[PDB]
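Everything below concerns the one structure shown next.
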Amino acid sequence: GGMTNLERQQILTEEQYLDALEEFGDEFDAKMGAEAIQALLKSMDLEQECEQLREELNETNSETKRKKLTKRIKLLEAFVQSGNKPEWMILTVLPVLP
Amino acid sequence: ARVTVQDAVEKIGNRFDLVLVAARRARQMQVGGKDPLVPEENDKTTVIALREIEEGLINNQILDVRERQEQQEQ
Amino acid sequence: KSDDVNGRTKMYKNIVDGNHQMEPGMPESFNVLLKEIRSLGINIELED
């Protein structure tokens, strides 16, 4: 929901979500389940985020900016290079033992 | 039986190939088709093979030669 | 002497025939490990 004045990934409690839906109407969609996280991660292009993180690391340099960002880039590189789609982290079907 | 295995070690030196050579000799000795070149004293195949490698009459080389010998003689 | 089900019988036969030959095969506990790992959301397999 970009039309409404709300962040893409922000907390909106029950009363808050109620009043937001009452005011903005059926535009600021929200979910409260694991499927919410699944939708958040599936509709997210990894190459663009990787380029943005690389640009941020190259441009902005600080004691705290040097860390907490390179590991994110490494995780993104591992995900794209391994080919494992991150939606596979949230499992749908569950195996059981013989 | 043998108390110390040193003559075979000196004949080999690497200390790792001697076990392989003696094992590959003993396997063919026990399966049959060959005769002990050293006179036996009522002992198992492994001791006979190790005494043979200690005597300096068998190694990792002449086995290949004799094996190619019967392989081409077929 | 391990969980190799297809090895204990064959070693027994090699002894009684005096063969004294061993083929390793694969321990069954490794298959147990593979099966229990695949019980969770983690693929695992052995290539060639």
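Nothing in this text is a laboratory measurement; each read-out follows from the coordinates by a stated rule. No Cβ is skipped: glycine too gets one built from the backbone with ideal geometry, and neighbour counts run over all protein chains shown.
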Within the range A:75-98, considering residues that are of a type in the set (A, V, I, L, M) and part of a helix (DSSP H, G or I), the one nearest to A:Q38 (Cα to Cα)
A:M89
Pair list, Cβ < 7 Å and 6+ apart or interchain, from the range B:1-30 residues that are farther than 14 Å from B:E55 by Cα to residues that are of a type in the set (G, A, S) and loosely packed, with under 15 Cβ neighbours inside 10 Å
B:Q30/C:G18
Tell me which of these A:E51 doesn't satisfy, since it passes every other one: (1) away from chain C (no Cβ under 14 Å); (2) part of a loop (DSSP other than H, G, I, E, B).
(2)
In the range B:20-46, which residue that is basic (K, R) and closer than 15 Å to C:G18 by Cα is nearest to the other protein chains (Cβ to nearest Cβ)?
B:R27
For the range A:8-28, give me the residue count where each residue is in a loop (DSSP other than H, G, I, E, B) and loosely packed, with under 11 Cβ neighbours inside 10 Å.
7
Which of the residues that make up the range C:18-39 are exposed (fewer than 10 other Cβ atoms within 10 Å of the Cβ) and within 14 Å of chain A (Cβ to nearest Cβ)?
none
Looking at A:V96 and the list (1) more than 14 Å from every other protein chain (Cβ to nearest Cβ); (2) exposed (fewer than 10 other Cβ atoms within 10 Å of the Cβ); (3) among the aliphatic types (A, V, I, L, M), which single condition is not satisfied?
(1)
Can you say whether C:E47 is surrounded by 11 or more Cβ atoms within 10 Å (Cβ to Cβ) and out of contact with any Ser or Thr (no Cβ under 6 Å at 6 or more places or on another chain), as far as the supplied structure shows?
no
